[PDB]
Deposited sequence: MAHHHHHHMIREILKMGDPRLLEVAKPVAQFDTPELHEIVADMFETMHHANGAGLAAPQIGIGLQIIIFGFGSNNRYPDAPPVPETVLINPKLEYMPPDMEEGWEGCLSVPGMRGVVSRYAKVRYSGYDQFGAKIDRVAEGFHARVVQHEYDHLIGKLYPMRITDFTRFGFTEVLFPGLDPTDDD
């Protein structure tokens, strides 16, 4: 497992739409997943998307005080995700992104989503998530469609540097 560089906002690769994975359970795919977990763990992230390490594929991983009611979710590998948003209940919360280092912003997310897809072995995944779990999945899914969380912000008075917002 190797630590890969995380691309920063401004890199046009973060704006592309990731392509689907076609072949499952390959040594190449296991290596990518392992590299992503090493990279995520090293930066103390709750999730990571393959475009963030320069891999333009529909692969996300996740697993983990601002959300003290959140149960722990075991590490998950989600490939070719299909999300279903569940209107109308939205929640505001603070987000940061490893591709936007040093900053936080308030982002509205669906309180609940369904997500499905496949793990790196090609096994089906199908879950309903709420709260922080749902927020992490939405944040990582956004990375696969070229969206970073400042694109989701509507109140830029609540966007700024972590050191100043939370001293």
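Give the ranges of the deposited sequence, numbered from 1, for which the structure holds no C-alpha coordinates, in sequence order.
-> No C-alpha for residues 1-7, 72-74, 178-185.
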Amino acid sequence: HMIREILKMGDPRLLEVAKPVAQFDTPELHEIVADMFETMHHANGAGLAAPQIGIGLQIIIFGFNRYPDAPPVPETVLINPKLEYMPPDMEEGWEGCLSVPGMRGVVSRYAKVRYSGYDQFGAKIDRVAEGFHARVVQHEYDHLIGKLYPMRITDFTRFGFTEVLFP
From here on, numbers count along this sequence of modelled residues.
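Between the two ranges 114-122 and 42-50, the one averaging a larger CA B factor in the entry | Here the higher of the two C-alpha B-factor means belongs to 42-50.
What stretch has the higher average Cα B-factor here, 87-95 or 73-81?
-> Stretch with the higher mean C-alpha B-factor: 73-81.
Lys19, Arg13, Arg158, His143, ranked by C-alpha B-factor: the highest one = Among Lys19, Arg13, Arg158, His143, the highest C-alpha B-factor in the entry belongs to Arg158.
Looking at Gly56, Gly131, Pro68, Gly105, which has the highest Cα B-factor in the entry?
-> So the option with the highest C-alpha B-factor is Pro68.
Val100: which third of its chain by C-alpha temperature factor?
-> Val100: CA B-factor falls in the middle third of its chain.
If you rank the chain by CA B-factor, which third does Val136 end up in: lowest, middle or highest?
-> Lowest third of the chain for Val136's C-alpha B-factor.
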